[PDB]
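By convention in this document, chain letters (A, B, ...) are assigned in the order of the sequence lines, proteins followed by strands, and residues within each chain are numbered from 1. Side chains are part of it too, since the values below use all heavy atoms of this structure and drop only hydrogens, waters and symmetry mates.
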Amino acid sequence: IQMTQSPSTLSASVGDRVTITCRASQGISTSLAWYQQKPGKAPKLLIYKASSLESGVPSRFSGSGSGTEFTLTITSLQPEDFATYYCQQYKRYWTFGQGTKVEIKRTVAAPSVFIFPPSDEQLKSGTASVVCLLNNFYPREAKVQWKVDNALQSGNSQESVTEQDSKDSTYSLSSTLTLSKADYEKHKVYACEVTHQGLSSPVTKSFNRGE
Amino acid sequence: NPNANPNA
Amino acid sequence: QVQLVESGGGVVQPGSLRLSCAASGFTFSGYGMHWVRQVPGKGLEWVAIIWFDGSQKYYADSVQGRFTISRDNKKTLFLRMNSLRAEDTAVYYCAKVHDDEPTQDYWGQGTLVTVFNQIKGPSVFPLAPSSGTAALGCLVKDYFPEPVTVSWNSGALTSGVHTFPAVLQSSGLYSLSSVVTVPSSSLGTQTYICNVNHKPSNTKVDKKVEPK
Amino acid sequence: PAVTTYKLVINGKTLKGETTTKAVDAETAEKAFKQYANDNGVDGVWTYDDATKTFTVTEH
């Protein structure tokens, strides 16, 4: 028995009506619970038996569904409701969904893009890490595409994204392209190309190996 | 059965 | 007044540990309890459950014959962790079972369990700078286990700092980057040093990031 | 095999600070520290303080 939530992430404003769905493999009747968890804190039980409200939970939370499909509804979203929500079955053992992160909506903001060549100190040991910075953008969905002499790269990069900022509700993203030194020395033009809703056309930052 | 009520 | 205070977490070797869970605000003897773990950055995974009785013990397929669940109705829940494997690094939550349906309602604060295989300090490389604002940073690569902390100029530079979540590389070692944006006009007269700490290796190093 | 803690002071051109390692003896810890300094791109003169069990690598 495994649970699939939709969507995995969503942006909303205070006072909105938000809806989270959960699909179970195999029927579980009403043996479903919804949990809330904020980063670094323990999860809290919102709904049990698909629709019963746990004591102390605000009236704006409500659950629906039976069988395999289930819906968590939050009326008039409050600032303390920005969090991650999990559905869970307790028919056979205890299985959680992947979680739905409710984030704060704001206006679209394009990223500032910077590229960093590998350092001579790192190249001294046979590896080249090229880094592309995407700074203070919204929404979270930003595409980084590495190009090496105009050849598209895949499978040799890694990304991480900050949490939404305290003040301006933007994200930043760091992407590392990792090549062997030998492979790095075989090519000239290193570029990261950035696609984002805040950009009318993609932005490319590049450099030529050798200042 | 693991999911029987483990309470009083 | 339902309270669940957890303790006993820490660092071990691929070893033994015993987590505690002090219950209050409810008749502990009448309810069953749970242990649920959460890998940082991942979802929730159940570990064990025992009745109010202590008669029926049930474990997950991954901790069978290693962790053992017990209780001293001292009103405390225990999980003696033995033969710790790498994949058991997670925050461990104890949880109480609801009245009507057999699932968790109240959860403990959760204490961290970290299982160090081999300790590796970090390699610190500069991200050297080159509209009126420049970006620079440090790449903290090839350390294990988590975490590392990064400050800038021993904490005197905090605004415009982004320290990114670490990623786990194919090598099994972690990598993270910390960046900051500063006035490009200051790049010649102000020094920028990133201070990197890795307590598992007792590493405290300062990397000066020099402009291009 | 009992191991003790050794310390490395790093006096690099741009990388300065300290790290530690656990080894069975002093020469084995120097091999780990040399690898650590190499991984950071720091090559330099190696010295050892027997009393404090502290190695120092001094870049050019």
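- Residues C/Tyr93 and A/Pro43 have side chains in contact (heavy-atom distance under 4.5 Å, counting atoms from C-beta outward).
- Enclosure of atom NZ in D/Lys22 is not indicated, since only 12 or fewer non-hydrogen atoms of other residues, nucleotides or ligands lie within 6.0 angstrom.
- In the model, A/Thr100 has a side-chain atom that pairs as donor or acceptor with a side-chain atom of A/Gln5 under 3.5 Å.
- C/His34 and A/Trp94 have perpendicular rings, their planes meeting at more than 60° on a 0 to 90° scale where under 30° would count as parallel.
- With sequence neighbours excluded, no residue forms a ring pair (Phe, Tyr, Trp, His ring centres under 6.0 Å) with C/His162.
- Remark: A/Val203 pairs with A/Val113, A/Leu199, A/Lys205 by the side-chain contact (heavy atoms from CB on, under 4.5 Å) rule, at least two apart or across chains.
- Annotation: ring pair (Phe, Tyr, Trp, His ring centres under 6.0 Å) contacts of D/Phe55 (sequence neighbours excluded): D/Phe33, D/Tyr48.
- With respect to C/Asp206 and D/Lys16, no salt bridge is recorded, no charged nitrogen being found less than 4.0 Å from a carboxylate O.
- For the residue pair D/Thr14 / C/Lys207, a side-chain donor-acceptor distance below 3.5 Å is found, with atom types taken as modelled.
- A side chain to side chain contact (heavy atoms under 4.5 Å, CB included) with A/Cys192 is found for exactly one of A/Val144, A/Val131, A/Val130, namely A/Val144.
- At distances below 3.5 Å, not a single donor-acceptor pair connects side-chain atoms of C/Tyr92 with backbone N or O atoms of C/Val47.
- Every salt bridge (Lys or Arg N to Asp or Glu O under 4.0 Å) that A/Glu193 has, sequence neighbours left out, goes to A/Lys147.
- Residues meeting the salt bridge (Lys or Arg N to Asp or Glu O under 4.0 Å) test with A/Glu80, sequence neighbours left out: A/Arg60.
- In the model, C/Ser20 has a side-chain atom that pairs as donor or acceptor with a side-chain atom of C/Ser7 under 3.5 Å.
- Defined by atom type and a distance below 3.5 Å, a donor-acceptor pair is missing between the side-chain atoms of D/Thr28 and D/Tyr6.
- Salt-bridge formation is not detected for the pair D/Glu27/D/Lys31: no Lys NZ or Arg NE/NH1/NH2 atom is positioned less than 4.0 Å from an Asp or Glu carboxylate oxygen.
- The pair A/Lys105-A/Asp16 does not meet the salt-bridge criterion, since no charged nitrogen lies less than 4.0 angstrom from a carboxylate oxygen.
- Annotation for A/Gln197: atom CD does not count as buried by contact number, only 12 or fewer foreign heavy atoms lying within 6.0 Å.
- With hydrogens and angles left out, the side-chain atoms of A/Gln122 and A/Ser129 include a donor and acceptor closer than 3.5 Å.
- Of the options A/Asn208, A/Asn150, A/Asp149, a side chain to side chain donor-acceptor pair (under 3.5 Å) to A/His187 is made by A/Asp149 and by none of the others.
- Side chains of C/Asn202 and D/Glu18: no donor on one and acceptor on the other come within 3.5 Å.
- Each disulfide bond (SG atoms under 2.5 Å apart) pair with one or both residues in residues 147-189 of chain C, not counting sequence neighbours, would appear here, but there are none.
- Judged purely by distance below 3.5 Å, without hydrogens or angles, the side chains of C/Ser151 and C/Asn195 pair a donor atom with an acceptor atom.
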Show, in sequence, the C-alpha distance, side-chain angles and deciding distance for C/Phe67 and C/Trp35, and conclude whether the side chain to side chain contact (heavy atoms under 4.5 Å, CB included) test is met. CA-CA 11 Å; C/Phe67 299 2; C/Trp35 282 107; over 6 Å; no
